Amino acid sequence: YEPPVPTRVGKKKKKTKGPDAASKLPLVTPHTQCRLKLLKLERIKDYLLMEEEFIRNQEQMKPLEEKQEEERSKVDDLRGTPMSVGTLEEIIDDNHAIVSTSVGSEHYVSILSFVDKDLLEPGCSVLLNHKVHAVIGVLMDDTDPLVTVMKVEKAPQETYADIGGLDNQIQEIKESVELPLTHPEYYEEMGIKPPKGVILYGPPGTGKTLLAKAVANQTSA
Amino acid sequence: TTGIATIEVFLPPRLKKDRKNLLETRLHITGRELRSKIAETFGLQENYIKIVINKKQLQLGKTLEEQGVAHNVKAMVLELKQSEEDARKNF
Amino acid sequence: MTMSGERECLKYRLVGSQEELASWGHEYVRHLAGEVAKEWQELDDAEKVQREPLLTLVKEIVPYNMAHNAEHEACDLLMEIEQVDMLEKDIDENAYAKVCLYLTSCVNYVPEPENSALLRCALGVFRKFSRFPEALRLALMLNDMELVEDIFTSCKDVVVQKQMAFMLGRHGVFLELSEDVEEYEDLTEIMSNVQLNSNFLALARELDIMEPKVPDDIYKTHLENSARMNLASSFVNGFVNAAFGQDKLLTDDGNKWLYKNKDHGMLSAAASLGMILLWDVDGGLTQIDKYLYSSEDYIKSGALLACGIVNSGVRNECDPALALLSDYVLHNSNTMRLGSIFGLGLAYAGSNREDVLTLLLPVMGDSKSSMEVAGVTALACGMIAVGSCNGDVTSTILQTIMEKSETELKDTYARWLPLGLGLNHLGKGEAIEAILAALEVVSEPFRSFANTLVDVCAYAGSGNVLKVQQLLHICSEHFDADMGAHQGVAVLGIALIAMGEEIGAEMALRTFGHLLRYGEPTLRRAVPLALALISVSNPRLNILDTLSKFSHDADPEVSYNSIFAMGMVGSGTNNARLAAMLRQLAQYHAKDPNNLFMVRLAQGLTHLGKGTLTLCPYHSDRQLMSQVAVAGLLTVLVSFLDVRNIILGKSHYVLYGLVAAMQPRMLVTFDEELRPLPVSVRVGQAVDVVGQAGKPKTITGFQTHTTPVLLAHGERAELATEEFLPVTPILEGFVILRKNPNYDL
Amino acid sequence: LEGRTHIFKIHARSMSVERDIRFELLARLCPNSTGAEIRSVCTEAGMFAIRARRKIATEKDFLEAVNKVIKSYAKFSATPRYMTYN
Amino acid sequence: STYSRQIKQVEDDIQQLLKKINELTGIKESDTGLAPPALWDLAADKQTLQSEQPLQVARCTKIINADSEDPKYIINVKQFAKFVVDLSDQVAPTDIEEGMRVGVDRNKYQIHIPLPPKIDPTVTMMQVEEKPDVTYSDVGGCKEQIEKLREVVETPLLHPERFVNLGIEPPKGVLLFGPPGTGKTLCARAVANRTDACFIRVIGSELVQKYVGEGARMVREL
Ligand SMILES: Nc1ncnc2c1ncn2[C@@H]1O[C@H](COP(=O)(O)OP(=O)(O)OP(=O)(O)O)[C@@H](O)[C@H]1O
Ligand SMILES: Nc1ncnc2c1ncn2[C@@H]1O[C@H](COP(=O)(O)OP(=O)(O)OP(=O)(O)O)[C@@H](O)[C@H]1O
Ligand SMILES: [Mg+2]
Ligand SMILES: [Mg+2]
């Protein structure tokens with residue numbers, strides 16, 4: 001016997017998260033409403049017509065078993081119900097992994113084709129079949145209670161206009177947390193990454209937290 | 001003119017000479033004499049050179065006119081490693 | 001202006017006051033200008049007596065638009081009415097760059113005959129404004145040899161002419177100058193790329209990567225937890241050390257290594273020796289001569305093919321390669337020919353030279369010429385006369401095809417005959433119906449294969465959405481192999497046509513996904529090659545992740561083809577991430593000799609030229625297409641439709657067709673005397689700057705380097721300082737820098 | 001001094017600096033300074049120019065950067081205490 | 001602006017097309033971790049769900065009568081139970097050793113496949129999988145330091161042949177020390193970018209753990 005050799009490089013999930021997926025339409029330039037933008041948009045439209053006609057033809061003569069609604073309906077049959085939530089312990093192979101149920105028992109199961117293999121990392125929550133415990137999905141972890149606490153959901157009502165006398169202090173903080181995001185071109189043309197960190201120090205009540213409240217008010221991050 | 005042809009030859013970059021160099025010789029001579037004199041005219045060893053004439057390898061036995069040479073023809077010197085008999089005798 | 005305004009808004013302005021148009025407002029004329037084009041289409045031939053005031057407005061609308069930087073709107077007015085002829089008279093010094101850049105971006109989406117018309121009109125602006133180097137680029141895109149002559153000789157600045165000769169040499173277009181032209185000698189040397197070897201070696205010494213690399217350093221088996229193996233490492237050794245002249249395995253005493261291979265393994269191994277000596281015609285031929293006298297048949301013809309590699313990409317004033325290969329095209333032994341025609345093709349690919357073709361032509365019709373050499377003959381003569389529509393090569397390719405019997409047309413070496421025909425009409429477009437007429441006589445299913453190959457090659461690099469409409473119609477009907485042989489080229493066709501510009505290209509990836517999903521095995525066996533063609537030497541993550549998923553495919557051919565495409569996509573990019581995948585793929589496919597051979601092949605291509613060589617057919621900011629490169633690209637990829645029998649079989653020498661596409665990713669700044677001149681440059685991802693006025697940055701996420709640097713796919717180059725004025729706006733290949741008089745004022 | 005000059009060139013490689021930036025002088029103005037400070041000096045030097053709406057950083061900006069980083073921020077410097085530990 | 005009306009017509013038709021394309025193509029949703037339908041080999045999955053049976057992870061404890069032809073294996077099935085089982089017919093007797101993890105069935109618990117040793121997922125993530133964007137050319141003033149660092153941690157792996165021939169045992173450890181900002185981690189990041197072997201990054205604060213014996217345990221599994 002020989003150990004199985006994975007074809008995927010590494011054991012971590014793909015770094016990219018929350019992309020446009022199949023809707024990653026190209027950045028047609030320029031945004032101005034002119035002919036070549038119309039010409040560029042037409043080419044995108046044309047290939048879609050080609051794509052639409054081709055896909056329809058294949059599914060038209062595809063077997064009744066092999067249909068978009070049938071295969072998805074089948075997928076539930078392979079998954080079954082209920083879908084046990086486990087924990088990924090190790091990725092032995094491309095289609096094989098060790099998972100542990102909530103009872104602490106580990107099983108060497110097979111990862112089915114329809115599972116998103118790029119979302120699989122050890123410690124992640126996986127969906128397992130109730131009977132055969134095979135990996136049949138990855139549960140998107142809900143926002144942790146610790147995540148909610150740090151995140152400021154609503155921007156504070158304190159703005160820079162509500163800060164008096166800290167003209168230089170306001171200016172310095174903008175170039176490190178506001179200007180790089182609003183106007184990144186200034187830094188790129190200069191060839192310098194923005195100032196990495198910033199610390200606000202002074203006597204109590206001088207406006208250190210207030211400037212951060214102003215920063216949080218006018219930030220897209 | 002007068003039985004002498006303008007033969008422009010090419011030299012390899014290892015011998016840092018003027019690559020646009022001119023060799024003048026008769027046409028009644030054969031490739032054996034031609035190969036020897038090119039080595040002398042640009043300071044080369046005759047044993048390790050191949051010559052390209054009229055888009056075809058310089059056959060040593062046959063004389064120049066019956067080879068197919070002409071006026072204002074182009075030539076090249078090909079540096080050789082191991083002699084033609086030595087390479088055959090090598091293995 | 002407020003309501004629809006059909007034949008009204010223009011009418012009152014036309015009949016009413018005929019004062020200066022801008023006096024009524026910029027928004028009014030913008031509405032007025034649009035309606036000018038609207039009724040122009042409505043107006044018929046009999047309504048020529050209605051356009052008298054119509055021409056007057058455009059003679060004033062255009063100056064108004066360029067006055068307030070609304071220039072892209074102006075070009076739009078003449079485009080719709082098909083009167084872009086009068087734009088050049090009113091072009092000013094402050095806005096010449098914006099109109100040409102806008103119009104040139106439009107030629108990739110407008111169809112014929114407005115392709116050339118917009119190209120010539122953009123060419124006229126450059127010629128009038130004395131911007132010759134960019135005018136030559138437009139002429140090359142038009143493939144107008146007469147214009148290339150006229151553009152070249154019109155310039156009296158020899159410094160510009162010297163830099164111009166580089167672009168012709170980079171494209172592989174040769175120009176026969178007259179001795180009366182000043183500086184005739186250096187001009188022919190520059191375009192012939194005779195100094196390319198020394199210039200390429202100059203960077204290697206500068207970039208301290210001259211040291212040879214053994215395939216073991218690429219395999220890295222010490223980190224891993226046969227005849228085919230030896231043949232694989234022969235390609236890896238050649239690919240990694242390509243065009244370098246030095247190697248620790250063949251430049252040394254290679255007889256032990258050369259004889260380690262067996263059968264046709266020694267054919268490619270001997271030929272791999274010339275790939276280290278690529279572009280080194282003088283010193284490279286000095287090393288092959290030892291193996292030229294070998295008694296074993298494979299070594300000599302393998303060396304005979306190594307002749308064609310050593311002159312590939314270089315034009316010698318008198319050719320050495322023809323001398324070494326003329327007397328072996330009709331040799332009794334088939335192998336000796338096999339190294340002759342294929343070598344002869346690579347040495348003069350993109351030449352259209354009659355002497356070689358006449359010497360190469362009767363080989364195809366030879367009775368003793370097997371189908372293997374007959375297809376090789378088609379590949380070669382197609383490569384010499386690529387994109388030339390030479391009727392002489394065309395006549396025989398048909399003549400050989402229909403003379404052959406129906407049974408031997410089943411052989412996959414007959415697939416190279418339409419490719420030679422297709423290459424001969426590469427990119428011409430509407431010049432194949434007469435040829436397509438002759439192809440109906442040929443029997444099926446080869447006629448289905450033959451017409452698809454030439455039709456695809458006719459529209460290569462055109463982006464014609466109409467042409468790719470029929471190819472998917474071929475892809476729509478799936479056959480329950482023998483009948484669907486032509487299906488593979490149809491998938492490969494989408495890549496060959498959409499490759500012209502970015503927008504058309506990445507639509508193809510979406511379609512390529514469905515073909516890999518809904519397609520039949522033979523249909524999906526060609527999708528990886530289309531990925532390799534669409535993005536050669538451009539290692540994007542979307543394709544590489546796509547190719548990775550089907551690397552371990554159930555269908556063996558898709559498995560081999562995907563692995564080769566992965567290395568082909570990152571050919572010469574030295575991608576650290578991609579090499580890790582191949583190393584992981586080597587472990588997974590270690591027990592599969594067929595799969596592992598592609599894995600080793602991809603590692604060599606990934607480290608082609610030690611990261612200093614590219615196979616991309618597009619240079620000059622990815623706008624100008626090299627006919628030679630696609631010919632080698634098409635030769636390998638079409639041959640990969642039968643990877644089991646051609647690549648994995650006895651004809652793996654066809655991988656040497658990639659030599660015709662091997663060029664350096666170069667940015668070398670030369671002085672006016674052509675000596676190296678290292679200066680600070682900025683290298684970063686290219687940015688589209690159509691539209692937005694003012695001065696937009698053409699590079700993002702850039703870094704500052706000295707000039708002798710390698711530019712992979714998609715990165716532009718701008719001079720960091722203003723001390724030197726480049727001759728060409730395109731900072732690619734060899735560029736001549738002129739000292740700026742304004743600098744140090 | 002040779003090392004600090006080298007670090008200055010590494011971090012000021014992609015800067016749009018003037019022609020005559022005396023990096024040897026800048027290395028001499030920060031005798032005992034870490035490479036991180038030199039990076040901040042380069043970053044702050046471009047910050048004085050970006051503040052002034054200038055696309056090219058002059059030598060004066062680097063001079064002001066050294067004063068702001070090496071001198072003004074010397075109160076928070078970790079070097080004086082950590083050379084005793086090393 | 002004369003094409004503003006025509007832009008939105010083709011933009012809306014395009015947006016309708018992607019929505020239409022996604023209808024037949026599928027790939028809608030992903031919250032249950034579903035791969036795009038182009039990768040669905042449902043024919044193989046149905047066979048996989050039947051032909052390939054699930055295997056419980058167990059640890060071999062003791063081999064009884066290994067010399068004879070009836071070797072009995074005592075296994076520890078995690079939290080389930082302990083069983084005395086025999087090997088399957090498709091696994092060699094020499095491939096299972098005491099103390100190693102094995103895969104056992106749910107019917108007779110016979111060992112079916114040897115398994116990799118259990119490793120903490122936190123320790124697994126401590127290995128570097130994306131190399132940093134720092135090279136040795138980005139470190140200035142550390143010439144002599146860099147050669148000493150490379151010749152211990154980079155050269156022996158790259159060119160091991162020059163050490164075995166002379167009977168050389170290269171040093172297997174380097175300590176980088178200096179004041180903050182001097183380039184200790186920067187040089188280490190350069191090492192990871194250039195190295196081709198496996199690189200594991202450990203932060204000393206990551207080895208501090210709540211329970212007694214964890215930090216030693218994580219070092220052991222590291
Ligand atoms: N310069 C200022 N201009 C306007 N309001 C100010 C200013 N400084 C302080 N304030 C007011 O003081 C309030 C409380 O001070 P703040 O929370 O900002 O203190 P701090 O400087 O962060 O100090 P610490 O956290 O040490 O107590 C703020 O909500 C703000 O309204
Ligand atoms: N020799 C150097 N050459 C170039 N840049 C340097 C050098 N030393 C430090 N830097 C810069 O300073 C930064 C300081 O981070 P670095 O990881 O090098 O610090 P360190 O020595 O590990 O410090 P600490 O002791 O706080 O962990 C680096 O990211 C780098 O940009
Ligand atoms: Mg506070
Ligand atoms: Mg550190």
# chains A, B, ... in the order shown; residues from 1 in each chain; ligands from 1

call {"tool": "interface_residues", "arguments": {"of": "chain C", "to": "chain B", "cutoff": "6 Å", "atoms": "only C-alpha atoms", "output": "PyMOL selection string"}}
result
chain C and resi 282+286+290+293+323

call {"tool": "residues_near_ligand", "arguments": {"ligand": "ligand 4", "cutoff": "7 Å", "atoms": "only C-alpha atoms and all ligand atoms", "output": "ChimeraX atom specification"}}
result
/E:180,184-185

call {"tool": "write_last_selection", "arguments": {"atoms": "C-alpha atoms", "output": "compact mmCIF listing (two decimals), in the first residue's frame"}}
result
# COMPACT_ATOMS: atom_id res chain seq x y z
CA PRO E 180 13.37 45.92 16.80
CA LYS E 184 15.11 39.76 11.80
CA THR E 185 11.68 38.84 10.42

call {"tool": "residues_near_ligand", "arguments": {"ligand": "ligand 1", "cutoff": "7 Å", "atoms": "only C-alpha atoms and all ligand atoms", "output": "PyMOL selection string"}}
result
chain A and resi 162-166+203-211

call {"tool": "residues_near_ligand", "arguments": {"ligand": "ligand 2", "cutoff": "7 Å", "atoms": "only C-alpha atoms and all ligand atoms", "output": "compact mmCIF listing (two decimals) with N, CA, C and O atoms, in the first residue's frame"}}
result
# COMPACT_ATOMS: atom_id res chain seq x y z
N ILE D 7 20.08 50.67 2.57
CA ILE D 7 18.66 50.58 2.92
C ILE D 7 17.89 51.76 2.34
O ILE D 7 16.75 51.61 1.88
N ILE D 10 17.16 51.03 -1.22
CA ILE D 10 16.15 49.98 -1.38
C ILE D 10 14.75 50.56 -1.22
O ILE D 10 13.85 50.28 -2.02
N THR D 34 17.36 52.11 13.01
CA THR D 34 17.00 50.82 12.44
C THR D 34 16.57 51.00 10.98
O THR D 34 16.29 52.10 10.51
N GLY D 35 16.53 49.88 10.26
CA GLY D 35 16.02 49.90 8.90
C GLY D 35 14.56 50.27 8.82
O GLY D 35 14.12 50.80 7.79
N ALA D 36 13.79 50.01 9.88
CA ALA D 36 12.40 50.42 9.91
C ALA D 36 12.27 51.94 9.93
O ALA D 36 11.36 52.50 9.29
N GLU D 37 13.15 52.62 10.66
CA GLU D 37 13.13 54.08 10.67
C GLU D 37 13.47 54.63 9.29
O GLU D 37 12.87 55.62 8.85
N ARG D 39 12.85 53.25 6.44
CA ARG D 39 11.65 53.09 5.63
C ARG D 39 10.63 54.19 5.93
O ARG D 39 10.02 54.74 5.01
N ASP E 138 15.86 42.98 -0.97
CA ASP E 138 15.14 43.97 -0.19
C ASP E 138 15.74 44.20 1.19
O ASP E 138 15.21 45.01 1.95
N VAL E 139 16.82 43.50 1.52
CA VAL E 139 17.50 43.66 2.80
C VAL E 139 18.85 44.31 2.54
O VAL E 139 19.68 43.76 1.81
N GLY E 140 19.06 45.48 3.14
CA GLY E 140 20.29 46.24 2.96
C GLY E 140 21.07 46.30 4.25
O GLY E 140 20.50 46.30 5.35
N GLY E 141 22.40 46.35 4.13
CA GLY E 141 23.27 46.43 5.28
C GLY E 141 23.46 45.13 6.03
O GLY E 141 24.14 45.13 7.06
N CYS E 142 22.88 44.04 5.54
CA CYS E 142 22.96 42.74 6.19
C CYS E 142 23.62 41.72 5.28
O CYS E 142 23.19 40.57 5.18
N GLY E 178 18.53 41.04 17.55
CA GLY E 178 18.83 42.43 17.32
C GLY E 178 17.69 43.31 17.80
O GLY E 178 16.61 42.83 18.13
N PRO E 179 17.92 44.62 17.86
CA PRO E 179 16.87 45.54 18.27
C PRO E 179 15.71 45.52 17.29
O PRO E 179 15.88 45.10 16.13
N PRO E 180 14.52 45.94 17.71
CA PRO E 180 13.37 45.92 16.80
C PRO E 180 13.61 46.78 15.57
O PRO E 180 14.24 47.83 15.64
N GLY E 181 13.10 46.31 14.43
CA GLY E 181 13.27 47.00 13.17
C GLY E 181 14.59 46.76 12.47
O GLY E 181 14.85 47.39 11.45
N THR E 182 15.43 45.86 12.99
CA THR E 182 16.74 45.62 12.39
C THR E 182 16.68 44.64 11.23
O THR E 182 17.66 44.53 10.48
N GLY E 183 15.58 43.91 11.06
CA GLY E 183 15.43 43.05 9.91
C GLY E 183 15.43 41.56 10.20
O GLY E 183 15.74 40.76 9.32
N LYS E 184 15.11 41.18 11.44
CA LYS E 184 15.11 39.76 11.80
C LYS E 184 14.01 39.00 11.06
O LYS E 184 14.27 37.96 10.44
N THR E 185 12.78 39.50 11.11
CA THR E 185 11.68 38.84 10.42
C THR E 185 11.74 39.10 8.92
O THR E 185 11.36 38.23 8.12
N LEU E 186 12.26 40.26 8.51
CA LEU E 186 12.42 40.56 7.09
C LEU E 186 13.34 39.55 6.42
O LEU E 186 13.06 39.08 5.31
N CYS E 187 14.45 39.21 7.07
CA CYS E 187 15.35 38.20 6.52
C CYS E 187 14.71 36.82 6.54
O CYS E 187 14.94 36.02 5.63

call {"tool": "interface_residues", "arguments": {"of": "chain A", "to": "chain D", "cutoff": "12 Å", "atoms": "only C-alpha atoms", "output": "ChimeraX atom specification"}}
result
/A:168,171-172,174-176,179-180,183-197,199,201

call {"tool": "write_last_selection", "arguments": {"atoms": "N, CA and C atoms", "output": "PDB file, in the first residue's frame"}}
result
ATOM      1  N   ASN A 168      -3.939  70.034  12.788  1.00  0.00           N
ATOM      2  CA  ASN A 168      -2.798  69.199  12.427  1.00  0.00           C
ATOM      3  C   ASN A 168      -3.057  67.737  12.770  1.00  0.00           C
ATOM      4  N   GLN A 171      -5.326  66.263  10.214  1.00  0.00           N
ATOM      5  CA  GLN A 171      -4.636  66.115   8.937  1.00  0.00           C
ATOM      6  C   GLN A 171      -3.748  64.878   8.916  1.00  0.00           C
ATOM      7  N   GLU A 172      -2.982  64.649   9.987  1.00  0.00           N
ATOM      8  CA  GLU A 172      -2.070  63.508  10.015  1.00  0.00           C
ATOM      9  C   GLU A 172      -2.823  62.184   9.971  1.00  0.00           C
ATOM     10  N   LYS A 174      -5.633  61.563   8.578  1.00  0.00           N
ATOM     11  CA  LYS A 174      -6.283  61.331   7.292  1.00  0.00           C
ATOM     12  C   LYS A 174      -5.342  60.650   6.306  1.00  0.00           C
ATOM     13  N   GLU A 175      -4.065  61.033   6.312  1.00  0.00           N
ATOM     14  CA  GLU A 175      -3.107  60.463   5.372  1.00  0.00           C
ATOM     15  C   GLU A 175      -2.793  59.001   5.648  1.00  0.00           C
ATOM     16  N   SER A 176      -3.191  58.469   6.802  1.00  0.00           N
ATOM     17  CA  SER A 176      -2.902  57.086   7.147  1.00  0.00           C
ATOM     18  C   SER A 176      -4.128  56.186   7.166  1.00  0.00           C
ATOM     19  N   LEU A 179      -6.961  59.184   3.432  1.00  0.00           N
ATOM     20  CA  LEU A 179      -6.400  59.467   2.114  1.00  0.00           C
ATOM     21  C   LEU A 179      -5.974  58.220   1.344  1.00  0.00           C
ATOM     22  N   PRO A 180      -5.329  57.209   1.945  1.00  0.00           N
ATOM     23  CA  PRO A 180      -4.955  56.027   1.151  1.00  0.00           C
ATOM     24  C   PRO A 180      -6.137  55.331   0.507  1.00  0.00           C
ATOM     25  N   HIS A 183      -7.991  58.383  -2.021  1.00  0.00           N
ATOM     26  CA  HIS A 183      -7.093  58.797  -3.099  1.00  0.00           C
ATOM     27  C   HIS A 183      -5.823  57.957  -3.057  1.00  0.00           C
ATOM     28  N   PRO A 184      -5.904  56.684  -3.452  1.00  0.00           N
ATOM     29  CA  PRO A 184      -4.696  55.847  -3.465  1.00  0.00           C
ATOM     30  C   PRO A 184      -3.695  56.236  -4.537  1.00  0.00           C
ATOM     31  N   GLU A 185      -4.099  57.025  -5.536  1.00  0.00           N
ATOM     32  CA  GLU A 185      -3.189  57.366  -6.625  1.00  0.00           C
ATOM     33  C   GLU A 185      -2.039  58.243  -6.150  1.00  0.00           C
ATOM     34  N   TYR A 186      -2.270  59.080  -5.136  1.00  0.00           N
ATOM     35  CA  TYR A 186      -1.214  59.960  -4.646  1.00  0.00           C
ATOM     36  C   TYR A 186      -0.030  59.152  -4.136  1.00  0.00           C
ATOM     37  N   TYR A 187      -0.310  58.079  -3.402  1.00  0.00           N
ATOM     38  CA  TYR A 187       0.723  57.193  -2.879  1.00  0.00           C
ATOM     39  C   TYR A 187       1.400  56.402  -3.989  1.00  0.00           C
ATOM     40  N   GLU A 188       0.615  55.890  -4.940  1.00  0.00           N
ATOM     41  CA  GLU A 188       1.178  55.057  -5.996  1.00  0.00           C
ATOM     42  C   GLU A 188       2.115  55.853  -6.895  1.00  0.00           C
ATOM     43  N   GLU A 189       1.706  57.061  -7.288  1.00  0.00           N
ATOM     44  CA  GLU A 189       2.576  57.912  -8.089  1.00  0.00           C
ATOM     45  C   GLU A 189       3.834  58.320  -7.337  1.00  0.00           C
ATOM     46  N   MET A 190       3.784  58.349  -6.007  1.00  0.00           N
ATOM     47  CA  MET A 190       4.944  58.685  -5.198  1.00  0.00           C
ATOM     48  C   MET A 190       5.821  57.478  -4.894  1.00  0.00           C
ATOM     49  N   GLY A 191       5.303  56.266  -5.077  1.00  0.00           N
ATOM     50  CA  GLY A 191       6.091  55.074  -4.846  1.00  0.00           C
ATOM     51  C   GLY A 191       6.284  54.698  -3.398  1.00  0.00           C
ATOM     52  N   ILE A 192       5.385  55.117  -2.511  1.00  0.00           N
ATOM     53  CA  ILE A 192       5.458  54.776  -1.096  1.00  0.00           C
ATOM     54  C   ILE A 192       4.140  54.173  -0.647  1.00  0.00           C
ATOM     55  N   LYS A 193       4.233  53.093   0.121  1.00  0.00           N
ATOM     56  CA  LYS A 193       3.081  52.599   0.841  1.00  0.00           C
ATOM     57  C   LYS A 193       2.686  53.618   1.909  1.00  0.00           C
ATOM     58  N   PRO A 194       1.402  53.704   2.242  1.00  0.00           N
ATOM     59  CA  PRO A 194       0.956  54.686   3.235  1.00  0.00           C
ATOM     60  C   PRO A 194       1.582  54.410   4.589  1.00  0.00           C
ATOM     61  N   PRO A 195       1.637  55.407   5.471  1.00  0.00           N
ATOM     62  CA  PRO A 195       2.121  55.157   6.833  1.00  0.00           C
ATOM     63  C   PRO A 195       1.361  54.003   7.470  1.00  0.00           C
ATOM     64  N   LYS A 196       2.113  53.041   8.005  1.00  0.00           N
ATOM     65  CA  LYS A 196       1.522  51.764   8.394  1.00  0.00           C
ATOM     66  C   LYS A 196       0.582  51.925   9.580  1.00  0.00           C
ATOM     67  N   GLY A 197       1.108  52.393  10.715  1.00  0.00           N
ATOM     68  CA  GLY A 197       0.332  52.530  11.924  1.00  0.00           C
ATOM     69  C   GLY A 197       0.314  53.968  12.419  1.00  0.00           C
ATOM     70  N   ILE A 199      -0.648  56.202  16.273  1.00  0.00           N
ATOM     71  CA  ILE A 199      -1.022  56.207  17.679  1.00  0.00           C
ATOM     72  C   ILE A 199      -1.359  57.635  18.085  1.00  0.00           C
ATOM     73  N   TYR A 201      -1.777  60.032  21.292  1.00  0.00           N
ATOM     74  CA  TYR A 201      -1.404  60.121  22.694  1.00  0.00           C
ATOM     75  C   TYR A 201      -1.504  61.559  23.177  1.00  0.00           C
TER      76      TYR A 201
END

call {"tool": "select_by_dssp", "arguments": {"residues": "chain B", "states": "alpha helix (DSSP H)", "output": "list in words"}}
result
residues 31, 32, 33, 34, 35, 36, 37, 38, 39, 40, 41, 64, 65, 66, 67, 84, 85, 86, 87, 88, 89 and 90 of chain B

call {"tool": "interface_residues", "arguments": {"of": "chain C", "to": "chain E", "cutoff": "10 Å", "atoms": "only C-alpha atoms", "output": "number ranges by chain"}}
result
C: 27, 30-35, 73, 76, 217, 220, 222-224, 513-518, 549-550, 576-577, 580

call {"tool": "write_last_selection", "arguments": {"atoms": "C-alpha atoms", "output": "mmCIF file, in the first residue's frame"}}
result
data_model
loop_
_atom_site.group_PDB
_atom_site.id
_atom_site.type_symbol
_atom_site.label_atom_id
_atom_site.label_comp_id
_atom_site.auth_asym_id
_atom_site.auth_seq_id
_atom_site.Cartn_x
_atom_site.Cartn_y
_atom_site.Cartn_z
ATOM 1 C CA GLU C 27 -25.505 70.004 -25.069
ATOM 2 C CA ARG C 30 -24.227 66.990 -28.905
ATOM 3 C CA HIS C 31 -27.909 66.283 -29.497
ATOM 4 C CA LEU C 32 -27.564 67.804 -32.975
ATOM 5 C CA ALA C 33 -24.445 65.793 -33.842
ATOM 6 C CA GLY C 34 -26.128 62.520 -32.897
ATOM 7 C CA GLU C 35 -29.111 63.228 -35.140
ATOM 8 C CA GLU C 73 -17.375 62.234 -29.155
ATOM 9 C CA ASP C 76 -17.885 58.978 -33.076
ATOM 10 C CA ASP C 217 17.392 21.467 -10.286
ATOM 11 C CA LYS C 220 13.736 19.066 -7.180
ATOM 12 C CA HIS C 222 15.108 15.731 -3.079
ATOM 13 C CA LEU C 223 12.059 17.572 -1.685
ATOM 14 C CA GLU C 224 9.665 14.801 -2.791
ATOM 15 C CA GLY C 513 -16.044 26.131 -19.330
ATOM 16 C CA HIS C 514 -19.301 24.883 -20.842
ATOM 17 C CA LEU C 515 -17.464 22.918 -23.538
ATOM 18 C CA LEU C 516 -15.484 21.173 -20.800
ATOM 19 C CA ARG C 517 -18.850 20.507 -19.102
ATOM 20 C CA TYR C 518 -21.419 19.720 -21.813
ATOM 21 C CA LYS C 549 -9.142 20.848 -11.783
ATOM 22 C CA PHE C 550 -8.932 18.729 -14.957
ATOM 23 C CA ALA C 576 6.769 29.909 -8.284
ATOM 24 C CA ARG C 577 3.153 28.951 -7.577
ATOM 25 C CA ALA C 580 4.738 23.958 -7.001
#

call {"tool": "closest_residue", "arguments": {"among": "A:93, A:132, A:67, A:75", "to": "residue 116 of chain E", "atoms": "only C-alpha atoms"}}
result
A:93

call {"tool": "residues_around", "arguments": {"residues": "residue 21 of chain D", "least_positions_apart": "2", "cutoff": "8 Å", "atoms": "only C-alpha atoms", "output": "list in words"}}
result
residues 17, 18, 19, 23, 58 and 59 of chain D

call {"tool": "write_last_selection", "arguments": {"atoms": "N, CA and C atoms", "output": "short mmCIF file (atom, residue, chain, number, x, y, z; two decimals), in the first residue's frame"}}
result
data_model
loop_
_atom_site.label_atom_id
_atom_site.label_comp_id
_atom_site.auth_asym_id
_atom_site.auth_seq_id
_atom_site.Cartn_x
_atom_site.Cartn_y
_atom_site.Cartn_z
N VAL D 17 11.84 60.60 -6.53
CA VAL D 17 12.77 61.51 -5.89
C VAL D 17 13.37 62.44 -6.94
N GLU D 18 14.04 63.50 -6.48
CA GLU D 18 14.76 64.39 -7.37
C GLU D 18 15.99 63.68 -7.93
N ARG D 19 16.75 64.41 -8.75
CA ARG D 19 17.95 63.86 -9.35
C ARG D 19 19.12 63.78 -8.37
N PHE D 23 21.71 60.57 -0.54
CA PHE D 23 21.36 59.49 0.39
C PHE D 23 22.50 59.20 1.35
N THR D 58 11.62 66.31 -2.93
CA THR D 58 12.92 66.96 -2.95
C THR D 58 13.78 66.47 -1.78
N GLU D 59 15.04 66.90 -1.77
CA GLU D 59 15.93 66.54 -0.67
C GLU D 59 15.49 67.18 0.64
#
